[PDB]
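Novice: 3D model of this:
(chains A and B, ligands or ions: 3)
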Protein chains: 2
Amino acid sequence: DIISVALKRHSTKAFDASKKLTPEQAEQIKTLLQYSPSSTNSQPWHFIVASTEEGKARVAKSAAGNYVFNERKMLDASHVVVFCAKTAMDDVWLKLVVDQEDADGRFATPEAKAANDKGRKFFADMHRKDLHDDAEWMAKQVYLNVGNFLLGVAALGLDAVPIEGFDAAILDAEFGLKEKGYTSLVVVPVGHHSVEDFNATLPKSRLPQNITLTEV
Amino acid sequence: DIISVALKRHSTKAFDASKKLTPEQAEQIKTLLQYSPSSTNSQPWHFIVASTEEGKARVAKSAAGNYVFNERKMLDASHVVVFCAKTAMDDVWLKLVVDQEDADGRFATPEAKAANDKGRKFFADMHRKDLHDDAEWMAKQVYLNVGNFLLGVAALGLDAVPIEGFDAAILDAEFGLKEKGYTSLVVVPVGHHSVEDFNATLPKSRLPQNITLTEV
Ligand SMILES: CC1=CC(C)=[N+]2C1=C(c1cc[n+](Cc3ccc([N+](=O)[O-])cc3)cc1)c1c(C)cc(C)n1[B-]2(F)F
Ligand SMILES: Cc1cc2nc3c(=O)[nH]c(=O)nc-3n(C[C@H](O)[C@H](O)[C@H](O)COP(=O)(O)O)c2cc1C
Ligand SMILES: Cc1cc2nc3c(=O)[nH]c(=O)nc-3n(C[C@H](O)[C@H](O)[C@H](O)COP(=O)(O)O)c2cc1C
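Specialist: Numbering: from 1, shown residues only, chains lettered A, B, ... in the order given. Ligands and ions are numbered 1, 2, ... in the order given. This is the structure:
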């Protein structure tokens, strides 16, 4: 199932504006973003899904300067996801993680809740106090979600492309992510490709396993 | 159904050592690692898949210090992959990627290749000179590959777990990395779950969409 899905999914370079997402797939697109794994269930992310031609326009302002080639993907596609990560990891936000676990039924007795809180506060203190790469630590959790997402919509029969070529500073101001405490990382449109997408036609290229893989 | 994949996948806490992956799953292990997307198709990664008990043993040395609780996962699983990323982005890896694309037939005229090649060195030079996030860029792409991998193995009917609690320095010395020009980031075992894995039983926990998601 998944092997040939991974072998034909491709970064679409041109979208068909009229092919809109099913009312329900517009809710499973929501579902794949939430139920993705994260270091100690940190989930240090926030998502802005733009489905309107008012919302899709505000994001595409980001694709300025040397990013002009990525703007039609922002507009022509039906549903545009903007991946964001926390700037810094506060104590109350990790309190929110465990309490949500508590309500969802992961702990029998109270002892386990405290333990996880500090199993989390071990790794958190490891990165936010000793290594001082918490921003980057949290960012890598979201690129994992990106990867989870790009295979998800592909198997769901939807076209998509991941994009980093955008001016984060404006997208941060446009939706005030600096004020909330977040930073844009990757913009993934999803929709349906036009035959104006020259990548649907071209064969996939990877480097051979003898270069990339080691068996022991 | 891929949505049911995201709702039934779980971080396995105990593997059954007997149930080994079939050689076809053992040839499918490699393709998901190979055919994952990449920013400018850099693919700044290397994978060590350890398939026999002595190969699995060398990896499990990482989880010997204050990470012992994660060590049996590396021991009982059948195929253990440790994701690695390049230290620094050389010019020749940019040379081999595009040359490999040319060999697979992506460029009609030679001019298209050169355009593709430096559009790559636009992002590359930006991260190695302008941004200073030479390593962190070569790290986030493989966390993305992890994400693609974690849903692949779930949909493949396989049990898996991401691991960060390991001594990167030890495993890098163990297989003589960074001299290689690579770095361990995450260790992913995959195999089949044992009766001792009480994570398969617990209800999935996430933060509610009202917290993490904004529709515009
Ligand atoms: C998986 C598991 C294995 C064993 C031997 N037990 C359990 C759980 C259990 C309880 C709480 N948590 C918090 C937690 C959640 C996520 C992450 N994370 O992946 O980050 C870390 C920690 C995890 C597992 C459990 C329950 C509910 C009752 C009993 C007696 N047990 B257990 F027998 F101790
Ligand atoms: C993090 C990330 C960022 C990307 N950014 C862009 C981009 O800015 N512009 C673009 O045309 N493609 C972008 N891509 C698509 C890649 O060029 C593409 O995945 C790679 O060439 C392999 O092609 P494939 O998606 O068909 O496997 C990005 C991919 C990733 C993973
Ligand atoms: C990057 C990453 C690193 C992880 N490292 C560990 C780890 O070191 N030990 C562990 O028990 N679980 C680890 N996990 C599993 C997470 O705790 C788990 O994904 C999270 O609690 C949600 O659980 P789920 O995988 O069942 O959806 C890791 C997960 C990710 C994504």
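
Novice: mind listing what the closest residue to residue A:40 other than its chain neighbours touches?
Specialist: Leaving aside its sequence neighbours, residue A:40 sits nearest to residue A:120 (Cβ to Cβ, 6 or more residues apart in numbering or on different chains; 4.7 Å). Every residue, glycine included, has its C-beta placed from N, CA and C. By Cβ atoms under 8 Å, 6 or more residues apart in numbering or on different chains, residue A:120 lies in contact with A:40, A:41, A:42, A:94, A:97, A:98.

Novice: Spatially central, which residue of chain A would that be?
Specialist: Nearest to the mean C-alpha position of chain A, by Cα atoms, centre = their mean, lies residue A:146 at 3.8 Å.

Novice: quick one: the helix or strand harbouring that residue to helix B:134-155, angle?
Specialist: Per DSSP states H and E: residue A:146 is located in helix A:134-155. Here helix A:134-155 runs at an angle of 40 degrees relative to helix B:134-155 (axes from the mean of the first three to the mean of the last three Cα atoms, to 10 degrees).

Novice: From the contact counts, what lies against the next helix or strand along the chain from helix A:134-155?
Specialist: The helix or strand immediately downstream of helix A:134-155 is strand A:159-160, counting by DSSP H and E. Counting contacts by 3 or more Cβ pairs under 8 Å, 6 or more residues apart in numbering or on different chains; DSSP states H and E, strand A:159-160 packs against helix A:134-155, strand A:182-191.

Novice: Tell me where chain A has strands.
Specialist: A:45-50, A:79-86, A:159-160, A:182-191, A:213-215 (DSSP state E).

Novice: what residues does chain A put near ligand 1?
Specialist: A:40, A:41, A:106, A:107, A:108, A:112, A:116, A:119 (Cβ under 6 Å from any ligand atom).

Novice: Next, give phi and psi for the closest residue to residue A:141 other than its chain neighbours.
Specialist: Excluding the flanking residues, the one nearest residue A:141 by Cβ to Cβ, 6+ apart is residue A:38, at 4.6 Å. Main-chain torsions, residue A:38, degrees, to the nearest 10: phi -160, psi 150.

Novice: my guess is residue A:38 meets residue A:143, correct?
Specialist: No - between residue A:38 and residue A:143 there is no contact under Cβ atoms under 8 Å: 11.2 Å.

Novice: of those two, who's got more company?
Specialist: Between residue A:38 and residue A:143, counted using other Cβ atoms under 10 Å in any protein chain shown, the more crowded position is residue A:143 (25 against 18).

Novice: OK, contacts around the more buried one?
Specialist: A:185, A:186, B:140, B:141, B:143, B:144, B:147.

Novice: Could I get the full set of helices for chain A?
Specialist: In chain A, the helices defined using DSSP state H lie at A:2-8, A:25-34, A:55-60, A:71-76, A:91-104, A:110-125, A:134-155, A:168-174, A:177-180, A:209-212.

Novice: To ligand 2, which of these lies closest?
Specialist: Set against ligand 2 and scored by Cβ to the nearest ligand atom, those come closest in helix A:134-155, at 6.5 Å.

Novice: tilt between that closest one and helix B:25-34?
Specialist: 120 degrees.

Novice: neighbours around residue A:138, how many?
Specialist: For residue A:138, the tally of surrounding residues (other Cβ under 10 Å) stands at 25.

Novice: hmm, I was thinking of residue A:22
Specialist: Neighbour tally, residue A:22, other Cβ under 10 Å: 12.

Novice: same check, this time on residue A:95
Specialist: For residue A:95, the neighbour count with other Cβ under 10 Å is 12.

Novice: what's the nearest residue to residue A:174 once chain neighbours are set aside in contact with, if anything?
Specialist: Excluding the flanking residues, the one nearest residue A:174 by Cβ to Cβ, 6+ apart is residue A:58, at 5.3 Å. Contact analysis of residue A:58 by Cβ under 8 Å, 6+ apart lists A:50, A:174, A:175, B:216.

Novice: just curious, which of the residues you listed is nearest to ligand 1?
Specialist: The nearest one, if we look at the contacts of residue A:58 relative to ligand 1 and count by Cβ to the nearest ligand atom, is residue A:175, at 29.8 Å.

Novice: Pairing-wise in the sheet, spell out the partners of the residue nearest to that closest one when sequence neighbours are not counted.
Specialist: Sequence neighbours aside, residue A:48 is the residue nearest to residue A:175 in space, at 5.8 Å (criterion: Cβ to Cβ, 6+ apart). Residue A:48 has these beta-bridge partners by DSSP bridges: residue A:82, residue B:214.

Novice: picking up where we left off before, what's the closest of the strands of chain A to residue B:89?
Specialist: strand A:182-191 (18.9 Å; Cβ to Cβ).

Novice: And the closest one, how far out from the chain middle?
Specialist: 6 Å (Cα atoms, centre = their mean, to the nearest Å).

Novice: Pull out the buried residues from that strand.
Specialist: A:182, A:183, A:184, A:185, A:186, A:187, A:188, A:189, A:190, A:191 (16 or more other Cβ atoms under 10 Å in any protein chain shown).

Novice: what helices or strands is that strand leaning on?
Specialist: So strand A:182-191, by 3+ Cβ pairs under 8 Å, 6+ apart, packs with helix A:71-76, strand A:79-86, helix A:134-155, strand A:159-160, helix A:168-174.

Novice: Can you name the residue of chain A nearest to chain B?
Specialist: residue A:147 (2.8 Å; Cβ to the nearest Cβ).

Novice: residues touching that residue, list them.
Specialist: Counting by Cβ under 8 Å, 6+ apart, residue A:147 makes contact with B:36, B:37, B:143, B:144, B:145, B:146, B:147, B:148, B:149, B:150, B:151.
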